[PDB]
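Same chain, two forms, each on its own as structure tokens: structure 1, then structure 2.
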Structure 1
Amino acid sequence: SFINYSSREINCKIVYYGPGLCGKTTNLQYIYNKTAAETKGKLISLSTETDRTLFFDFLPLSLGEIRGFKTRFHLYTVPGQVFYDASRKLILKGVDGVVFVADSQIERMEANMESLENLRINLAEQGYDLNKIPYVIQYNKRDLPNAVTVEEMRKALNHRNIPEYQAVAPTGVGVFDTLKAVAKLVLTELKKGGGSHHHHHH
């Protein structure tokens, strides 16, 4: 988190991760369109010649303060086909919570498994353990006839009873349930004072 004492805001970074075309943009856009205009920034896309980043922030009005501070959530993803692994490494810098979005189609199951391993390795390369940070998994595209059962999704992707949410992102099914779950894990960590605290005088 980035705790800005001037604004009295705790800024938490939630990264949506998963294979290309699995539904990350759709999650972010659905959330963005169902967030109060007065609470949110612009929806921002940063494009290079190849890879892109999509993100926005918002300050939910329902949330109480944590020891005098409000919590602002920043949602980040690298959407679409990824050309540089470095892009997925960079998106994880400063992460506070992760949503892994799995594409439930059988044809994408190997891509899901590769992306989940890539997430664990890229986190570890920057000193994060996926087992020690707020993390939820979304089984997206439940509407498609080639979507594998939750049982098969879990056998392939979830061996630690990670909180799991079924989603159909374009219609919003499961989208807020997923976000609420990871946000609650992040907030619980903040309230208990868990994690490593660094004091900067910049």
Structure 2
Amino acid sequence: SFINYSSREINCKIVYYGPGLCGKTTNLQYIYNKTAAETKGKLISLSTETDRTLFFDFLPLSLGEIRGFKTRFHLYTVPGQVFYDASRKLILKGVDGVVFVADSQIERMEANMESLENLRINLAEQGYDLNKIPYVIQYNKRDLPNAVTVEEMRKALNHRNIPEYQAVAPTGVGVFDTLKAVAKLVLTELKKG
């Protein structure tokens, strides 16, 4: 997190992680579209011929102050192509909370398992433990007929039983529950050491 003493703001970064086409862009799009226009900044997409990154920040107009400071949240997706790992590392630097978006399709489970490990390693490179930091997992695409049961997705992707949420991101099911969960964990950490 970054404390700005001029604007009296605690800036926090939340990174949506996961394999290609799992639903990160959709999560951030739905969050942005439902956020009050006076509290959010510009939604910015950085695209190439093969990949993209989406990010924006907002000031939750609910949400009390912490020692006089208001909290600003910056949401980032991560690129999905194998050759942008450096970018992913750069986006994870200084992360405060992480959401892992899992594609519940059986044909993507292996992909999920890869991305998860890629998250772990990357955090471990910067000195942090995925099990110790604010972190929730989202089982997305529950509407699809090839969606894996929650118990098997948990056996594969959430063996230490961190908070998990089921979602159909295009319609908005589970999106704001996930966001609220990871934001609550981040704020609890902010009110401590």
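Numbering for residues begins at 1 and runs along the sequence of structure 1. In this text, the rigid core denotes the largest set of C-alpha atoms whose superposition between the two forms falls within 1.5 Å.
After superposition on the rigid core, the single residue among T50, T39, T149, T171 whose C-alpha moves by 2 Å or more between the two structures is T50. In the core-superposed comparison between the two structures, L119 has its Cα shifted by less than 2 Å. After superposition on the rigid core, the Cα of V95 moves by less than 2 Å between the two structures.
After superposing the rigid core, the C-alpha of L130 moves by less than 2 Å between the two structures. The two forms line up on their rigid core, and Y84 then has its Cα shifted by 1.9 Å between the two structures. Per-residue C-alpha deviation between the two structures, core superposed: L61, 0.6 Å.
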